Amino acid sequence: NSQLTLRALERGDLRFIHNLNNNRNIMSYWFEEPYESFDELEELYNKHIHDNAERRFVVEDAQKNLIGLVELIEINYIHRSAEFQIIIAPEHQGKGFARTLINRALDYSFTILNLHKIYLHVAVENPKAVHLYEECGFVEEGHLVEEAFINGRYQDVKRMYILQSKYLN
């Protein structure tokens, strides 16, 4: 876990992004723009190469095996907020990397960019994921009713947050 490294996303890593969106049954977005094919993603990356609303970091190990991804979106510098998301490759989902990657993301958000609040969304029907984030410091602030259409049915999603104060202290 300590060997894991985070690196700024490069064009070469777009293939890894495409592979991770396979068999997830949810439309993928790139700066709030839908995409499906590798070519559509590559164009959207070239377009938003300069945008500051989102940042992404690839997660690798010592031997540079692509572990997962860390995304920050809806980044606002006036209110100092950002939506956090994390995607771990299926082959590494059950190895406990998630917790460390969550602290790595909070570290980058609250120590460098100096953001005030980090919020995230979790499906209500994955309580193990909710409890994980709670053990990491997050806490619920909303229960969005029928917010996401997942697998052919509207579903609720928990919005949980954590402030810069608690993480730094």
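From 1 onward, residues are counted along the sequence shown.
- Relative to its counterpart among 20-28 and 154-162, 20-28 has the higher mean temperature factor, C-alpha atoms as listed in the PDB entry.
- Highest CA B-factor among the listed residues (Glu33, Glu140, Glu54, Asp61): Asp61.
- In the deposited entry, the Cα temperature factor of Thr111 sits in the middle third of values across the chain's modelled residues.
- Annotation for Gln93: C-alpha temperature factor in the highest third relative to the rest of the modelled chain, per the entry.
- When the CA B factors of the chain's modelled residues are split into thirds, the value for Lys117 lands in the lowest one.
- When the modelled residues of the chain are ordered by their C-alpha B factor, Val124 lands in the highest third.
- In the deposited entry, the Cα temperature factor of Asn46 sits in the bottom third of values across the chain's modelled residues.
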